[PDB]
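Asks: My structure is below; once you've seen it, I'll send some questions.
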Amino acid sequence: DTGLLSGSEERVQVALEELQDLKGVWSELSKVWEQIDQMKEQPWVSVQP
Amino acid sequence: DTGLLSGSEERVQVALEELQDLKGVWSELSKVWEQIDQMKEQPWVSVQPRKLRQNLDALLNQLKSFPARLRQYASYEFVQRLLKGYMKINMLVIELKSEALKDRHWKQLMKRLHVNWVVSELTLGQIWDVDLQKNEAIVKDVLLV
């Protein structure tokens with residue numbers, strides 16, 4: 001037994017929290033990307049602004 | 001004792017079953033005419049005549065999936081004859097994407113069709129409103145020129 005590396009534990013904690021944050025971010029960005037891709041698949045010449 | 005007319009409630013439950021059947025029929029018809037609305041309001045920016053034929057056959061086959069009681073209703077005959085009568089967009093609408101479309105060609109067609117137009121949003125929702133099988137003669141003259 002010895003002094004456990006609390007730096008490793010806090011690194012794991014911050015990795016987990018930033019991972020969940022970025023997972024939500026990527027979900028939102030994927031939704032934005034798919035909607036804008038569906039918008040741009042059509043020429044949009046005669047569709048009102 | 002008060003012997004009541006049970007035939008009243010038998011008719012009630014028969015009408016309830018018919019009501020549920022009609023509710024299903026009209027839910028399917030609501031889906032059908034919602035698809036009709038999307039293929040209507042489309043300003044003809046990406047749709048092709050082959051896509052119109054695909055939509056026609058898709059609507060026909062999903063309609064023909066009605067069961068016996070749902071297929072024999074008058075509304076089924078109405079929608080089926082409507083689809084058969086419109087079984088027509090691909091035939092005439094090959095004029096807009098052609099090079100023959102221009103400002104005065106739009107003007108002469110707009111005089112022939114007698115409706116008013118806005119150039120910015122060229123929506124087929126009003127193009128089809130002037131039914132093509134009804135005014136085929138004038139548009140063909142607009143075509144032929």
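Convention: chains lettered A, B, ... in structure tokens order; per-chain residue numbering from 1; ligands numbered from 1 as shown.
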What are the nearest atom pairs, with distances in Å to one decimal, for all residues of chain A that come at most 7 Å from chain B, using only C-alpha atoms, set out by chain and rising residue number as CSV?

Replies:
residue,atom,partner,partner_atom,distance
A:42,CA,B:46,CA,6.1
A:43,CA,B:45,CA,6.6
A:44,CA,B:45,CA,6.6
A:45,CA,B:45,CA,6.6
A:46,CA,B:121,CA,5.0
A:47,CA,B:121,CA,5.8
A:48,CA,B:121,CA,5.5

Asks: Mind checking which residues fall within 12 Å of segment 64-72 of chain B, counting only C-alpha atoms, ignoring those fewer than 4 positions away in the same chain, and posting them as a PyMOL selection string?

Replies: chain B and resi 17-29+32+57-60+76-80+83

Asks: Select from chain A everything DSSP, run on the backbone, classes as alpha helix (DSSP H), then give the selection as a VMD selection string.

Replies: chain A and resid 6 to 41

Asks: Go ahead and save the residues from that selection, with C-alpha atoms, as a short mmCIF file (atom, residue, chain, number, x, y, z; two decimals), in the first residue's frame.

Replies:
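What ended up in part22.cif:
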data_model
loop_
_atom_site.label_atom_id
_atom_site.label_comp_id
_atom_site.auth_asym_id
_atom_site.auth_seq_id
_atom_site.Cartn_x
_atom_site.Cartn_y
_atom_site.Cartn_z
CA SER A 6 -4.89 10.95 -7.26
CA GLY A 7 -3.69 12.62 -10.45
CA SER A 8 -4.61 9.49 -12.38
CA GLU A 9 -8.03 9.40 -10.71
CA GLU A 10 -8.77 13.04 -11.53
CA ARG A 11 -7.49 12.45 -15.08
CA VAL A 12 -9.98 9.59 -15.41
CA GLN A 13 -12.76 11.76 -13.96
CA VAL A 14 -12.09 14.69 -16.31
CA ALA A 15 -11.77 12.29 -19.24
CA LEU A 16 -15.17 10.79 -18.40
CA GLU A 17 -16.92 14.14 -17.96
CA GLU A 18 -15.39 15.62 -21.13
CA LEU A 19 -16.27 12.39 -22.94
CA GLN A 20 -19.94 12.68 -22.00
CA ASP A 21 -19.87 16.38 -22.89
CA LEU A 22 -18.31 15.68 -26.30
CA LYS A 23 -20.75 12.80 -26.89
CA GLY A 24 -23.64 15.22 -26.46
CA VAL A 25 -21.77 17.72 -28.64
CA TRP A 26 -21.27 15.11 -31.37
CA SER A 27 -24.94 14.11 -31.22
CA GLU A 28 -25.97 17.74 -31.72
CA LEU A 29 -23.38 18.25 -34.47
CA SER A 30 -24.45 15.05 -36.24
CA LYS A 31 -28.06 16.25 -36.19
CA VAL A 32 -26.97 19.61 -37.61
CA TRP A 33 -24.80 17.91 -40.24
CA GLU A 34 -27.53 15.54 -41.41
CA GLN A 35 -30.14 18.30 -41.61
CA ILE A 36 -27.85 20.63 -43.57
CA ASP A 37 -26.82 17.75 -45.86
CA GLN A 38 -30.48 16.99 -46.55
CA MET A 39 -31.00 20.69 -47.27
CA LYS A 40 -28.06 20.87 -49.68
CA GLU A 41 -28.85 17.64 -51.53
#

Asks: Report, in Å with one decimal, the straight-line distance from atom CA of residue 143 of chain B to atom CA of residue 51 of chain B.

Replies: 22.0 Å

Asks: Atom CA of residue 39 of chain B to atom CA of residue 124 of chain B: how many Å, to one decimal?

Replies: 8.5 Å

Asks: Expressed in Å to a single decimal, how great is the separation between atom CA of residue 86 of chain B and atom CA of residue 134 of chain B?

Replies: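 A separation of 11.0 Å between them.
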